[PDB]
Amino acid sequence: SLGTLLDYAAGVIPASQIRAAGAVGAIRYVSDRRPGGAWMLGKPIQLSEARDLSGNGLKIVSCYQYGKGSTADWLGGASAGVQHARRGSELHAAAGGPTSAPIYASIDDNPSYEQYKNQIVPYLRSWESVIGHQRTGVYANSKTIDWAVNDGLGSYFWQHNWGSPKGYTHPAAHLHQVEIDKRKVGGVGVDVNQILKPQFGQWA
């Protein structure tokens, strides 16, 4: 690793506490709170929080996840992709996120090849059609990252371990989620991510 990035949905953490926890920045949501998700005070990142993080010399990265499970964003394929990508782009810009920075679209699942080809490919192609190939990031397991890389879908890859081989890091991944909810920072549960490549989608 080149440093740690934290991700969290339950609340907003003062940048001084992210820095005190040993992280060099955070991966933050450019998404709304779904029904049943009003507790996700960490969604979406606001301009004031982005200014706090950057102010303390911390890195910022954008990710998108609205639904989950039975309401996973990618289920609706192309039509779902344009609706979610537009909103993510709008929220990223509202928090002062530059258009030179990507947004990591979430595949918070362990899909089959059938789900990938029939639903995730049109979903991710819609993200590319809205914000561009160069701005399309993908949060997925290493199997899904490999399928996307092999298809030339997406430019940034953030590996999760649900459906990835034990102890494996995909050689194309920019970021790797290595720990889920095993830490609390400023009263908020956080996930830990390792930076693998020097250009990983940081705003600055």
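Just count from 1 along the sequence shown to find any residue number.
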{"query": "At least a third of other PDB entries omit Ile13", "finding": "no"}
{"query": "Absent coordinates for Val190 in a third or more of other compared entries", "finding": "no"}
{"query": "Higher-B stretch (mean Cα B-factor, as the entry records it), 139-147 or 40-48", "finding": "40-48"}
{"query": "Per the entry, higher mean C-alpha B factor between 176-184 and 192-200", "finding": "176-184"}
{"query": "Ranked C-alpha temperature factor of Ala85 among modelled chain residues, by third", "finding": "lowest"}
{"query": "Entry-reported Cα temperature factor of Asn161, expressed as the chain third it lands in", "finding": "middle"}
{"query": "Modelled-residue ranking by C-alpha temperature factor, third containing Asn110", "finding": "middle"}
{"query": "Third of the chain's Cα B-factor distribution that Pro122 belongs to, per the entry", "finding": "middle"}
{"query": "CA B-factor ranking of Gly132, expressed as a third of its chain", "finding": "middle"}
